Amino acid sequence: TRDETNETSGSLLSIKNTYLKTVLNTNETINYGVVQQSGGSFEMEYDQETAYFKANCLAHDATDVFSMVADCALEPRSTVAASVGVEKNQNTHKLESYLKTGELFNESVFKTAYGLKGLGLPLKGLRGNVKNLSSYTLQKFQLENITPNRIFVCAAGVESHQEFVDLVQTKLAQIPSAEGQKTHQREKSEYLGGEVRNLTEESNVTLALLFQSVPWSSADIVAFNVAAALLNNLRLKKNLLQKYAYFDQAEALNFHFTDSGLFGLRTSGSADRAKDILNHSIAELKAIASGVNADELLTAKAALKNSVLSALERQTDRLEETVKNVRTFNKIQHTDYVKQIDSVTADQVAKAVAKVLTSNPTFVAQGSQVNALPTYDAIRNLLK
Amino acid sequence: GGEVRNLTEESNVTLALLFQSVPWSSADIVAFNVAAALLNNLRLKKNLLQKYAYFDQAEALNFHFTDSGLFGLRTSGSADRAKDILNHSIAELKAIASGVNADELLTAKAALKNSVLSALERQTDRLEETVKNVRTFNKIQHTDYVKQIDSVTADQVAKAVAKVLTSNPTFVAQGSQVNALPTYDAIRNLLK
Amino acid sequence: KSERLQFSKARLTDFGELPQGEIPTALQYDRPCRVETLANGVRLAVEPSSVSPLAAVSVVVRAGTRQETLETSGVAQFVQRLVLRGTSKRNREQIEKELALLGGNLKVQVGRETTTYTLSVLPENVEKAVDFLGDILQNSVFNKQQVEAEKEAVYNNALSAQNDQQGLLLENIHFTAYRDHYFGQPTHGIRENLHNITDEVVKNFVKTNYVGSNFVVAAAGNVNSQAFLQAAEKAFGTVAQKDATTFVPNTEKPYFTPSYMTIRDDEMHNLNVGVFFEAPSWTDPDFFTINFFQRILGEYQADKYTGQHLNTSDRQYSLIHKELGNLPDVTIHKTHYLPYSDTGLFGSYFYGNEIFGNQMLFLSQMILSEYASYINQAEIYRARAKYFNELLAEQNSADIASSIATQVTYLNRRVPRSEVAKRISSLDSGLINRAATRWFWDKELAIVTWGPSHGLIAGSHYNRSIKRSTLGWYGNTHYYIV
Amino acid sequence: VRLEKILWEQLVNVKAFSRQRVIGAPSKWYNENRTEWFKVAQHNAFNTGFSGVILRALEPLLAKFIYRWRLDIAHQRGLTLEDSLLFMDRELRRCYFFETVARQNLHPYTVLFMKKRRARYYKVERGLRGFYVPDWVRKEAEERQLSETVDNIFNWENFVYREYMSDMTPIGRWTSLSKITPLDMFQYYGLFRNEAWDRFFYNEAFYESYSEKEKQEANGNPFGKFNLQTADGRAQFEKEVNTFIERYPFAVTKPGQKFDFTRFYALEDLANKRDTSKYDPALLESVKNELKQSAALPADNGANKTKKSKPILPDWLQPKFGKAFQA
Amino acid sequence: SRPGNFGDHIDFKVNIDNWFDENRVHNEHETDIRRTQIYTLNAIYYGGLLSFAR
Amino acid sequence: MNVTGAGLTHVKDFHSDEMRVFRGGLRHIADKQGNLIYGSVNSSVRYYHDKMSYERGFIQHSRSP
Amino acid sequence: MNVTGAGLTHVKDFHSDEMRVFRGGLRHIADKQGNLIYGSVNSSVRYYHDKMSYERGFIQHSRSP
Ligand SMILES: CCCCCCCCCCCCCCCCCC(=O)OC[C@H](COP(=O)([O-])OCC(O)COP(=O)([O-])OC[C@@H](COC(=O)CCCCCCCCCCCCCCCCC)OC(=O)CCCCCCCCCCCCCCCCC)OC(=O)CCCCCCCCCCCCCCCCC
Ligand SMILES: CCCCCCCCCCCCCCCCCC(=O)OC[C@H](COP(=O)([O-])OCC(O)COP(=O)([O-])OC[C@@H](COC(=O)CCCCCCCCCCCCCCCCC)OC(=O)CCCCCCCCCCCCCCCCC)OC(=O)CCCCCCCCCCCCCCCCC
Ligand SMILES: CCCCCCCCCCCCCCCCCC(=O)OC[C@H](COP(=O)([O-])OCC[N+](C)(C)C)OC(=O)CCCCCCCCCCCCCCCCC
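As recorded by the PDB entry, chain E carries the name Rieske iron-sulfur protein, ubiquinol-cytochrome C reductase iron-sulfur subunit and is attributed to Tetrahymena thermophila SB210. In the PDB, the structure is listed with the title "Cryo-EM structure of cytochrome bc1 complex (complex-III) from respiratory supercomplex of Tetrahymena thermophila".

Where the PDB entry is consulted, chain C appears under the name Peptidase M16 inactive domain protein, with the organism given as Tetrahymena thermophila SB210. The UniProt entry for chain C carries this comment under Subcellular location (unreviewed entry): "Mitochondrion". Within the UniProt record for chain C, the comment given under Cofactor (unreviewed entry) is "Zn(2+)".

Engineer: Help me understand the overall build of chain E in this model?
Structural biologist: Across its full length, chain E holds 2 helices and 0 strands. By the compact-globule yardstick of 10 Å for 54 residues, chain E is too spread out, its C-alpha radius of gyration being 20 Å. The principal-axis extent of the C-alpha atoms belonging to chain E is close to 60 × 25 × 20 Å. In chain E, which comprises 54 residues, the proportion classed as buried is 17%. Working note: accessible area of chain E is about 4800 Å², and carbon and sulfur atoms make up 59% of it.

Engineer: What is the right way to read a nonpolar patch on the surface from this model?
Structural biologist: All names here are of chain D. On the surface, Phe46, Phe50, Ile54, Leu58, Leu61, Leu62, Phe65, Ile66 and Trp69 cluster together into a nonpolar patch covering about 890 Å² of accessible area. Contributing elements (two or more residues each) for the nonpolar patch: α3 (49-57) and α4 (59-76). Examining the composition of the nonpolar patch, we find that 5 residues originate from one element, α4, more than from any other. You can call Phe46 partly exposed: its relative accessible area is 31%.

Engineer: Please clarify how empty space enclosed by the protein should be interpreted in this entry.
Structural biologist: Summary: where empty space remains is shown by rolling a probe the size of a single water molecule over the atoms. Residues and elements named next belong to chain B. By volume, the largest cavity is sized at about 90 Å³. In terms of lining residues, the largest cavity is bounded by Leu15, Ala16, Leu17, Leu73, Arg74, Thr75, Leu86, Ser89, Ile90, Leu93 and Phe171. Secondary structure elements with two or more residues in the lining of the largest cavity: β2 (12-20), β4 (69-78) and α2 (82-98). Top element by residues in the lining of the largest cavity is α2. It accounts for 4 residues. Counted by class, the lining of the largest cavity contains 8 nonpolar, 2 polar and 1 charged residues.

Engineer: Even after reading the chapter, I still don't get the site of ligand 3, so can you show me in this structure?
Structural biologist: Residues and elements named next belong to chain C. Close to ligand 3 lie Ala372, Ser373, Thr437, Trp441 and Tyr474. Residue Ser373 places a side-chain N or O atom 3.1 Å away from an oxygen atom belonging to ligand 3. With respect to ligand 3, the side chain of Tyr474 contributes an N or O atom lying 2.7 Å from an oxygen atom. Each residue belonging to the shell around ligand 3 can be placed in one class, and the counts come to 3 nonpolar, 2 polar and no charged.

Engineer: It is not clear to me how the nonpolar core should be interpreted in this structure. Could you clarify?
Structural biologist: General note: in soluble globular proteins, nonpolar side chains tend to be found buried as a group. The biggest cluster of nonpolar side chains holds 83 residues, and the ones touching the most others in it are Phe292(C), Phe293(C), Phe346(C), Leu361(C) and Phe440(C). Contacts of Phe440(C), omitting those with residues within four sequence positions, involve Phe277(C), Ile290(C), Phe293(C), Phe346(C), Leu368(C) and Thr470(C). By size, the runner-up hydrophobic cluster in this structure holds 69 residues, among which are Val30(B), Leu86(B), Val161(B) and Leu181(B).

Engineer: Sorry, what's going on with the packing of aromatic side chains here?
Structural biologist: Aromatic ring pairs are reported here in terms of the distance separating the ring centres and the angle at which the planes meet. Residues and elements named next belong to chain D. Enumeration over the complete set of coordinates arrives at 60 aromatic pairs over all chains. Arranged with centres 5.3 Å apart and planes meeting at 50°, the rings of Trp174 and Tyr188 form a pair that is tilted. With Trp174 in the loop between α10 (146-163) and α11 (182-185) and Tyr188 in the loop between α11 and α12 (194-198), this residue pair connects regions lying 14 residues apart in the sequence. Taken together, the ring pairs in this structure connect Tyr67, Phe223, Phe226, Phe237, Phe244, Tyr248, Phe259, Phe261, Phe264 and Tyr265 into an aromatic cluster. Lying over the aromatic face of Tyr189, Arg173 brings its terminal NZ or CZ to 4.2 Å of the ring centre. When the ring centre of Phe206 is taken as reference, the NZ or CZ atom of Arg199 above it lies at 4.2 Å.

Engineer: Just checking my understanding: could you explain the sheet that holds strand β9 (residues 299-300) of chain C for this structure?
Structural biologist: Strand pairing in a sheet relies on backbone hydrogen bonds, with the paired strands running either antiparallel or parallel. Within the open sheet, the 7 strands sit side by side as β9(C)-β10(C)-β11(C)-β8(C)-β12(C)-β7(C)-β5(F). Their pairing is mixed. Two strands bound the open sheet, and with one partner strand each, they are β9 of chain C together with β5 (58-63) of chain F. Across 9 bridges, the pairing between strand β10 (residues 330-339) of chain C and strand β11 (residues 344-352) of chain C is antiparallel. Pairing of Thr335(C) across the sheet is with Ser348(C), part of β11(C).

Engineer: Please clarify how the side chain of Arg21(D) should be interpreted in this entry.
Structural biologist: Mapped onto the fold, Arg21(D) is located in the loop between α1 (7-12) and α2 (34-47). With relative accessibility at 15%, the residue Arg21(D) sits in the buried group. Within the structure, the side chain of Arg21(D) is placed 3.0 Å from the backbone oxygen of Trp197(D), a separation counted as a polar contact. For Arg21(D), the side chain forms a polar contact with the side chain of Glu204(D), separated by 2.4 Å. Ignoring anything within four residues of it in the chain, the contact list for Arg21(D) reads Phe15(C), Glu9(D), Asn13(D), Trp197(D), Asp198(D), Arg199(D), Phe200(D), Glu204(D) and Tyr207(D).

Engineer: What exactly am I supposed to notice about the interface of chain A and chain C here?
Structural biologist: Many analyses report the size of an interface as the accessible area lost when the parts associate. Facing 39 residues of chain A, the contacting portion of chain C comprises 39 residues. Overall, the association of chain A and chain C removes approximately 3500 Å² of surface from exposure, summing both partners, and the carbon and sulfur fraction of that is 54%. When the buried surface of chain A facing chain C is broken down by residue, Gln37(A), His60(A) and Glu313(A) rank first, second and third, together holding 20% of it. Applying the counting criterion to the chain A and chain C interface returns 2 salt bridges. Ionic pairing is found between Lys9(C) and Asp64(A), a salt bridge with its closest N-O pair at 3.8 Å. Inspection of the region where chain A meets chain C yields 17 residue pairs in polar contact.

Engineer: Help me out: how do you make sense of the interface of chain A and chain G in this one?
Structural biologist: Facing 6 residues of chain A, the contacting portion of chain G comprises 7 residues. The largest share of the area that chain A buries against chain G comes from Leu95(A), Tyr98(A) and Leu99(A), three residues that together contribute 64% of it. Summed over the shared surface of chain A and chain G, the number is 1 salt bridge. Across the pair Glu87(A) and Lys12(G) runs a salt bridge whose closest N-O atoms are separated by 2.8 Å. Joining chain A to chain G, the criterion identifies 2 residue pairs in polar contact. Classifying every residue of the side of chain A that touches chain G by side-chain character gives 3 nonpolar, 1 polar and 2 charged.

Reading the values: the criteria
Residues numbered from 1 in each chain as written, not as in the entry; some residues may be left out. Chains lettered and ligands numbered in written order. Part of a larger assembly, values for the part shown. Heavy atoms only, no water. Residues with missing side-chain atoms left out of burial classes, pairs and counts. UniProt positions renumbered as here; feature names shortened; annotations may be inferred. Helix = DSSP H or I, 4+ residues; strand = E, 2+ residues; numbered from the N terminus. Rg over C-alpha atoms; globule rule 2.2 N^0.38 Å. Buried < 20%, exposed > 50% of the residue type's maximum accessible area, 1.4 Å probe, protein only. Areas by Shrake-Rupley, 256 points an atom, 1.4 Å probe, with all protein chains shown as cover. Patch = residues over 30% accessible without salt bridge, like charges linked within 9 Å, V, L, I, M, F, W, Y side chains within 5 Å. Salt bridge = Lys/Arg side-chain N within 4 Å of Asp/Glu carboxyl O. 1 Å grid on protein atoms, 1.4 Å probe; cavity = no way out; pocket = protein on both sides within 12 Å on 5 of 7 lines; lining within 4 Å. Points joined across faces, edges and corners; volume = space filled by probe spheres on them. Nonpolar A, V, L, I, M, F, W, Y, C, P; charged D, E, K, R; others polar. Near = heavy atom within 4 Å. Polar contact = N/O pair within 3.5 Å; in protein donor to acceptor, adjacent residues only side chain to side chain. Core = buried A, V, L, I, M, F, W, Y, C linked by side-chain atoms within 4.5 Å. Contact = heavy atoms within 4.5 Å. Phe/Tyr/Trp six-rings, centres within 6.5 Å; stacked < 30°, edge-to-face > 60°. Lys NZ or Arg CZ within 6 Å of the ring centre and 35° of its normal. Pairing = 2+ DSSP bridges. Buried area = accessible area lost by both parts, 1.4 Å probe.

If you want it as structure tokens, here you go:
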């Protein structure tokens, strides 16, 4: 979604809603039947900076499933697929607005953090541009973005690497090399600490406070993950939800990108006394900057290890994170996450969070009494 | 003195900046009306709508209440230049605090007299304002509105607007890029 | 290796599919698994996985809600929480610290026929977990004050059980299916009796039910078989052996009681319907066949499957998904197969707009009964492949350990992947028809409908329409209308 | 019962007779483009074999009674062959597939002009019969050659195949009409179709198709196997092209002029690897410019735009002018 | 097993008769035999009617 | 005004999926989409059973004959 | 979930005013309210004449015979 412009915003959502629709070699019906009768699964997902298609099946069906996956991922979108995607995107937007899902709020948070350009571009796409997601816009987006140097292919459960290399050669070798040709490239991201305050006559008020933390290339990503685990598993529940009855739900959000990041809190509680919720969230966030105790750090590290290793145990998730690690760093770093987690110390986490606090806050508020909240300068002073 | 900043993904951005005016009891109410007549007729059109094309529409709001009051501006223009819509608007209001020319004051008073007397000429509106005058001031004052408008002077309008500006601003913004606007403290400093 | 290429299609000698008897090569291999029995009767099973990064230990105790009475209903709920509260060796703070250090991934599932305690930790501390897990379940001390404190929590859990609509409907079908047996009572217990539980009741329950013969300890993941077995023996060698003189309530067969319950509530916007048949126990010959049927029905969602990705619902090989896609508002559908020692329930749970009530009411049976007369080979092979993939998809240590423990408890044996694949793959259209007519054709039903029942009040009684629903092409009159 | 493994299939579809079913990678139904199929079939029928010899002898009669007849009728109606061939009147009037494809893909004018051209004639023919289109309309009808109508036809058919006909999976079906008539009631669709029984699976390999040799041969010179490099070949090619132009008046040139063969040879040389400077630089520049323009898709300039409406409520639906101090 | 949002039973006496328990032949086992008996009775009735129709 | 309601009233408007074949692209509309039009006898014959009945907290038990 | 669409899909729903007599209180619904259901033959017999026809900027003139 980071690579989309206002003209083609939401193209990734349309592709996801119509990821099985291909026409060149196999039909939507046939490529659905292949997944159905193979007993496996086929899925697509997309982040601000990534789009991953994954299919798991039996060995004997490997060739057909791989051909289907390649056709779905790399084939240009068709007009019929464009129309179906437009319809499904309208339905998805209506559902998201009706349910008031947390993603709809994160979209506003990102827009505030980075503006309408770049990272701030909503994952679901601009609602006013849905009608413009025709085959022409999708094909232009793919041509300007999908290039052979930006494609990665992954397999797991393969007896011999050469066999899968030959299988991929038979399919993706045609794509002419884009090296030496004008590439779209990505403009460097800029962080802005704006604020948003939405009046909605809602019985409950939802606030979010995020700060520019660090990118993937930095060595503090493990520290921020440990801090988020400490907040969610131990501190947020004990000090915020259990003690106060007007806290409906608090959770720490932590996103890392190739060049930027966002770490912070999102807390929803009673509409009235929103000032108390805001002050308590600020105090809890500042507590880590104050320091972290040994027992708390050990508990957070244990929880983080449990979660990460549970993810890594399943083959599909392990393969996905292997691809992501390879595309971020040429080496594979998911085989030694335990070592990095152990290396983390309370002082490092405290210093990282304290440094992040000094940044320009990104403050988003929705609810009935968002107006009666401290000004942006007041929030900065409280964090200070 | 709260503020509201709603992201609506509208191609146009609507801003509103208001301050506490005087109630019905205070004699400055007429002056405030003149100030509104100084904006909705003469100034706000020339300074904002004529010179700048992205200003979809600007107007001056003036509400009076038995115990409080509200006075300020509501503007609407292109979202991509939301900041430009804000700053200039403030200046216009601030210009009133700076002073009023004699010709502009005379034009505004003439327009206000025309509007008020057009309302009064119709019997139904005259009766409605008679009821409201009796219920507010306990007497009938619409018979000498023209004299009150004449008595207004530029100095009174300037002083009233300057005093009003000192109050805590109330700021509302709905648009596609309201997330990038001067902070409330910056708004107050600019108003100062 | 069969040949040089792993992805070869030579063995697919039946129009792109394996023949009836053959199975995929991947399922021809089984991980090592050793099962042993101790003097106390505690059965220890280990299925090590060196490459895995985690170790899971699951303790299954055949004690469950089945062993409760009206005067002691809900004692299992107190037991599950109180076990963590304290122990003779360790205080509440000590056990809480120990649990936190090795991760909070402790899952306690209080079932009806048994209770499971699954703990997943790192490979280097798995033994420690056993030392903990054996102690917490063995030397727990149940104080009166702790029970008083936990009464409120148990009552709140019982009241909040309604949050999981599918779970509450499963409890309702259990209640309606077994009315002349305590097995029908809800797992969370009777609310008004929750405050009547005392420390002595819990102590008696744990003493008379947590016996050596009821304990099965399964381990999976990166676990050393010898070390784990030795440590588990040392930990669980002090469990008292089962005593025949003791009386275990509700030891007779919970005979199936056909019924139709209607929890009418016209302020829910949605309807939860469940239609179930009596199903084989864990030891019946037609066990894996009914699991194959479960795979055949599968599950459906409104945001996936035919509801989201197809030109028309007709273009697929799942018969039920066609119908579900044809219905815009029938949102959730899942086939539940719950087998127990004495009996079992196999059925379908729909959740969707009440305007399609009858459509959800008569659909599940119609498909199943239809398999008694004719099932297409496409569905047979779809279910075959799905079962193969699910067999190969058991990777998480906790899930595999729990499955091993349950299989040992209900069969005293670990059924390998290869054996299950050979069993299910041998199924044929004729065998499928015969099994379906044995279990589904013209059979009784247990039906529950929870939610707005304004449409369904007219046929809310067990009548001819419900009677003929379990038939095949005869009885689809009501489903198609609307 | 399974259609495959039936006794007939077991006895016949066996390796001995080479009739066995072969399973390959999955592929879409309707794997063959109709336009390409008809191109290859036409080439085989006309330019090869005894059928080709017979059909070549019938070129005069076919041209007179199948091309100039349609052209004469269309010109009488102020139309061209495009109006009757690009979109058949059947599709233009009542066809839901065409309607949906046009709505989802086509700009309104592409069919609006087609409808209005016929409206011109039928507003007069129905009012008074025997209408002969006057010369001025006939001129604009005659201006467009068949060389552009063929391009439009091929573009439309290829688009329809690649986008819609390539994304369809037919199924066994009962009567589409919900008519109580027993004759319509028990109509069975799916049997008696060659495609239904040719392949029982979507993985089956295709057993009947055109060889690559035939496909490549069908893309050669339609008039015949000549050698434009040698003078002897060029003479025969020019003779055949001249007689073709005589038979078809508005196919490639106006019925009174002559075809420019030097420009055609320049185009052939530029298109293929053969090259030389035997042509004037002006000719090469003109040919390149014409080729670029012919393959250029028109685009909108965004200029000369009309005014958009922003309607407001009338005065009588709005409050009066006066507005006095409320209190 | 009622929903949590349900409270205690209302004092209103909805049932005057307990036929739900009284109207029982305790044959939860062997239910299919009773179903066959009911089908046979229906068959006899339908056979008489069909004889008249014939 | 150019708005659907003309700027004076709100119109309870609906575009029935009847008389349509495809909801999007070449995809077909749901077979029973028309049933989503509540309160219409044309949608279903079951609407002819239009007795007044509303109840909460009511549980009914019926046993197999 | 307790949502109209179950929390994971959007439902194109509409409560037809057919079979309902009163908008609210004791006033009848407009007689031709049912016509606001576009694209349904039941709404009107004028939907049988539904051949494709779209035009912008088109003006035609007709004179009294
Ligand atoms: C004139 C003087 C005599 C009058 C006799 C009247 C009838 C007497 C008996 C019935 C009395 C009760 C009537 C209740 C009607 C309720 C339904 C209704 O009104 O709906 C509107 C109905 C249309 O329904 P629809 O849903 O729109 O379906 C048609 C669609 O347009 C779809 O169009 P499509 O193009 O898809 O289909 C084309 C065509 C294709 O049709 C065919 O090819 C089929 C052939 C025609 C039907 C044959 C029926 C044979 C009946 C034999 C009866 C023997 C005598 C004993 C009778 C007592 C009971 C046993 O379809 C039809 O025509 C089907 C419509 C059938 C109309 C007749 C319905 C009534 C008879 C039904 C059976 C008995 C019901 C008894 C109920 C009460 C209890 C006693 O319109 C009519 O009823 C039209 C009436 C025309 C009257 C003119 C005379 C014709 C009389 C009937 C046909 C006789 C044929 C010769 C028989 C020879 C035997 C040896
Ligand atoms: C021994 C047993 C006798 C039983 C008699 C039963 C009588 C009831 C009728 C049964 C069906 C009759 C045959 C129908 C053939 C239809 C062919 C067809 O589809 O058209 C292909 C053809 C076009 O082919 P194409 O270009 O490849 O296009 C293919 C489409 O894509 C394909 O398009 P599509 O896939 O959309 O197709 C749509 C439509 C097809 O399109 C149509 O709408 C067809 C319209 C046909 C109208 C004319 C019908 C005349 C039928 C006469 C048959 C001979 C009767 C001889 C009786 C002798 C005494 C017993 O499909 C249908 O409606 C076909 C349904 C038929 C199902 C039954 C098949 C035959 C079963 C026979 C064995 C039964 C055993 C007992 C079972 C009991 C229960 C277990 O259409 C035509 O031009 C029509 C041809 C009609 C030929 C009629 C027969 C000529 C030869 C007669 C020889 C002499 C006979 C003896 C004379 C007396 C001597 C003393
Ligand atoms: C004019 C001369 C003609 C030659 C003479 C031919 C006479 C024979 C006529 C045969 C056709 C009539 C049908 C009878 C059998 C149909 C069985 C059926 O439908 O089964 C499937 C149907 C399926 O319907 P179902 O779906 O309702 O059944 C489902 C029920 N559960 C779920 C419990 C399985 O029913 C059966 O399964 C019944 C199986 C029994 C099979 C009975 C066969 C009888 C033999 C018939 C004739 C044999 C040849 C000898 C004839 C003598 C000639 C010389």
